[PDB]
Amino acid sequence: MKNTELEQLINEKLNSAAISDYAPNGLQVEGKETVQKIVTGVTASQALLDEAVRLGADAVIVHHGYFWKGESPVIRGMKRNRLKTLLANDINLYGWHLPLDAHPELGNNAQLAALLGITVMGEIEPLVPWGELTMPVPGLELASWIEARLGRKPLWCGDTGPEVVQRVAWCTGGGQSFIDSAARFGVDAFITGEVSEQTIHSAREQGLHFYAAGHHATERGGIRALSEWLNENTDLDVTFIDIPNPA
């Protein structure tokens, strides 16, 4: 496929142009016009980029790319390293940030719900869907449940949460700032990827179970799902590569 057709194909599937973001979504670093083999991961790290080269990929797709608002434009250190590995090999780089968090089918938020057994019921705010566990459980068992489906032990704070958690709201990644709004809505538990010092008081003082289940662990779902979707809806050859990151 042509690098600019793939950009178009996914941009429309995710209704990407319509979403205001922190970074440019779509083709971020141009490469060869003709794409056939694609490598994908959560983040465009040096490690992911070296694999794309060893595997001979023509394009790489990530949920976290570069050119984030407010960062220095200069190309030195890490950025020179990464950009050279791409440019020198004519590898195309694509990144989809928020559109890839929110899409109803393929998004990180939707894939987490399905992975954790949550029936999605609505949305509190743009990136904060709510729903209920198809099998409500005490706060401790929910932590082991998360741990087991995600392959990572979450930080779990539930000193004052309800007996059983049924109603849950979540946001993958660094969504901890959304705990107060999920508390005002009324949930038994708020799930996200990272944690902050104030997030813990929000949990205790408002009576809900909090789970920080990993930034990387909660953000494999969307990019992974957009990979299967490209394998099923086109002839491109795409491979999702999970490169661990404990955060």
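Residue numbers run from 1 along the displayed sequence.
Item to check | Mean C-alpha temperature factor, higher of 29 to 37 and 181 to 189 | outcome: For C-alpha atoms only, the mean B-factor is higher in 29 to 37.
Checklist entry - Hey, which bit's got the bigger mean C-alpha B factor in the entry, 121 to 129 or 167 to 175? => result Here the higher of the two C-alpha B-factor means belongs to 121 to 129.
Next on the checklist: Per the entry's values, where does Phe67 land by CA temperature factor relative to the rest of its chain, in the lowest, middle or highest third?
Outcome noted: Within its chain, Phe67 is a middle-third residue by C-alpha B-factor, going by the deposited values.
Next on the checklist: Is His216 in the lowest, middle or highest third of its chain when residues are ranked by C-alpha B-factor?
Outcome noted: For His216, the deposited C-alpha B-factor lands in the lowest third.
Checklist entry - Within this chain, which third does the Cα B-factor at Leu208 fall in: lowest, middle or highest? => result For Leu208, the deposited C-alpha B-factor lands in the middle third.
Next on the checklist: Using the temperature factors of the C-alpha atoms in this entry, rank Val42 within its chain: lowest, middle or highest third.
Outcome noted: It belongs to the lowest third of the chain when residues are ordered by C-alpha B-factor.
Checklist entry - Looking at the C-alpha B-factor of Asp101, is it in the lowest, middle or highest third of its chain? => result As the PDB entry reports it, the C-alpha B-factor of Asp101 lands in the lowest third of its chain.
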